[PDB]
Protein chains: 2
Amino acid sequence: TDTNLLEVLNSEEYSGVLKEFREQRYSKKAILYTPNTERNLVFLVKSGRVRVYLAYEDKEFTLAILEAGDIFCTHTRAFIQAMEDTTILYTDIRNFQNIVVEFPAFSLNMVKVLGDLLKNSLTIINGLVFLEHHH
Amino acid sequence: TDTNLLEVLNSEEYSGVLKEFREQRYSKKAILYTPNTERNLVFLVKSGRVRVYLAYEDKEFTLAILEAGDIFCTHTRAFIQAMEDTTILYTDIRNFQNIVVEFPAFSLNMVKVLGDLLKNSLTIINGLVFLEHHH
């Protein structure tokens, strides 16, 4: 299975179920997504780079840096912001599901990203508990 | 979209691929797996209900409750406990990834579950930061 998703899209000429991806460009420092984003969207970074993060007055957490070929979604309270000029391909979760049943590489990549971010987040929780418990 | 896998479990078309999985039964409150489980496995709740949680030092946080027809995996830094008598089907991750190429429905539920777990883990982080903050 070809897991280079951008190559799959190009080979297929963004056809059929893949036509539901829309492209959007973001300048450096532009915020893509936040808790106030309405839909559950899935997005694929086509070029550039975004951070997925939680920033507070007293502390910051970087959950991931996503670059070309990485897929993720807007279902969480994380902020997502461009680090540099960035182009994404996005679609709603239903259209992503319609793509997956034809091109499972999209979900295999999503499961990897989500599992990685979940694992990271659980380490973060442990680190906070450690410092609370040792204070 | 309903991503629940009970309809798949009960479909003749999947009866062959489901034979690739092993089965295991658990009584209420039994621990299915822990963060230290060495085997990298994917498991499907065939019947019953399980709790995914984090325990560390003197803290414990429920991350999600998975119903019959939900799928998850080890190697995700989590504990999993039966909330009632439960039967699971499980297979190793490599085999699961091969299954998904042919039968991607399993992966769509996995995306849903992982997305919910990640959402809930970021909620825990957000709460701990507030509860620990000081001037």
Side-chain angles (χ1 to χ4, degrees), chain A residues 1-5 8 11-12 15-18 42 71 93-116 118, chain B residues 1-28 30-34 37-52 64-76 78 80-117:
Chain A
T1 301
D2 188 351
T3 63
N4 183 335
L5 302 179
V8 172
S11 181
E12 292 279 328
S15 70
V17 295
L18 302 169
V42 170
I71 199 164
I93 180 66
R94 180 198 289 275
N95 288 330
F96 168 77
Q97 294 167 325
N98 298 343
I99 286 162
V100 163
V101 296
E102 297 300 298
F103 297 93
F106 284 86
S107 64
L108 291 160
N109 286 25
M110 178 69 83
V111 162
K112 178 193 76 69
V113 174
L114 291 175
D116 286 349
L118 176 62
Chain B
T1 304
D2 179 358
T3 74
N4 181 274
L5 294 167
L6 286 171
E7 180 264 357
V8 159
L9 284 161
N10 292 316
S11 284
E12 181 175 2
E13 176 64 15
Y14 290 84
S15 60
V17 67
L18 291 165
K19 289 177 188 177
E20 298 181 27
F21 292 71
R22 287 185 175 86
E23 195 159 14
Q24 192 160 342
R25 291 165 63 86
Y26 303 88
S27 56
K28 182 173 180 175
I31 306 303
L32 282 69
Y33 300 110
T34 68
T37 294
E38 281 193 359
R39 290 238 57 185
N40 192 340
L41 310 167
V42 171
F43 71 92
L44 175 49
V45 183
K46 177 175 174 175
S47 60
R49 185 168 68 124
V50 305
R51 187 174 66 99
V52 182
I65 294 172
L66 306 184
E67 308 290 338
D70 285 328
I71 201 167
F72 187 46
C73 53
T74 65
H75 280 227
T76 54
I80 301 107
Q81 176 183 49
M83 299 186 78
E84 55 212 51
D85 290 353
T86 291
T87 297
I88 74 179
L89 294 179
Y90 64 94
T91 195
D92 61 278
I93 190 173
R94 286 184 184 274
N95 191 48
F96 182 70
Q97 291 167 338
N98 286 327
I99 287 166
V100 164
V101 172
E102 182 66 13
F103 298 103
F106 295 103
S107 72
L108 286 180
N109 181 264
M110 184 173 282
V111 165
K112 186 274 299 189
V113 168
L114 289 172
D116 282 343
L117 284 163

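Residue numbering restarts at 1 for every chain, and letters A, B, ... go by the order of the sequence lines.
When atom types are taken as modelled, the side chain of B/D70 and the backbone of B/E67 share a donor-acceptor pair closer than 3.5 angstrom. No side-chain donor-acceptor contact under 3.5 Å links B/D85 to the backbone of B/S27. Side-chain N or O atoms of A/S11 include none that pairs as donor or acceptor with a backbone N or O of A/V8 at under 3.5 Å. Looking at B/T74, its side chain does come within 3.5 Å of a backbone N or O of B/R39 through a donor-acceptor pair. With B/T86 contributing its side chain and B/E84 its backbone, the two residues share a donor-acceptor pair below 3.5 Å.
You'll find the side chain of B/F43 reaches within 4.5 Å of the side chain of B/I80, heavy atoms only. Looking at B/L32 and B/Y90, their side chains never come closer than 4.5 Å, going by heavy atoms from C-beta outward. Side-chain atoms of B/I65 and B/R49, non-hydrogen and from C-beta on, do get closer than 4.5 Å to each other. Using a 4.5 Å cut-off on side-chain heavy atoms (C-beta onward), B/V101 and B/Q97 make no contact. Within the 4.5 Å cutoff, the side chain of B/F21 has heavy atoms near those of the B/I99 side chain. Counting heavy atoms from C-beta on, the side chains of A/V100 and A/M110 never come closer than 4.5 Å. Side chains of B/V50 and B/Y33 form no contact here, defined as non-hydrogen atoms less than 4.5 Å apart. Looking at A/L5 and A/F103, their side chains never come closer than 4.5 Å, going by heavy atoms from C-beta outward.
Here the shortest heavy-atom pairing between B/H75 and B/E38 reads NE2-O, 2.6 Å. Minimum heavy-atom separation, B/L114 to A/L118: CD2-CD2, 4.1 Å.
B/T3 meets the side chain to side chain donor-acceptor pair (under 3.5 Å) test with B/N109; sequence neighbours excluded. Considering only residues two or more places apart in sequence or on other chains, B/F96 meets the ring-ring contact (aromatic ring centres under 6.0 Å, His included) condition with none of them.
Under the side chain to side chain contact (heavy atoms under 4.5 Å, CB included) test applied with B/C73, the options B/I93, B/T37, B/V42, B/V113 reduce to a single match, B/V42.
By the 6.0 Å contact criterion, CD on B/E23 is enclosed, its count of non-hydrogen atoms from other residues, nucleotides or ligands being greater than 12. Within 6.0 Å of NZ in B/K112 there are more than 12 heavy atoms belonging to other residues, nucleotides or ligands.
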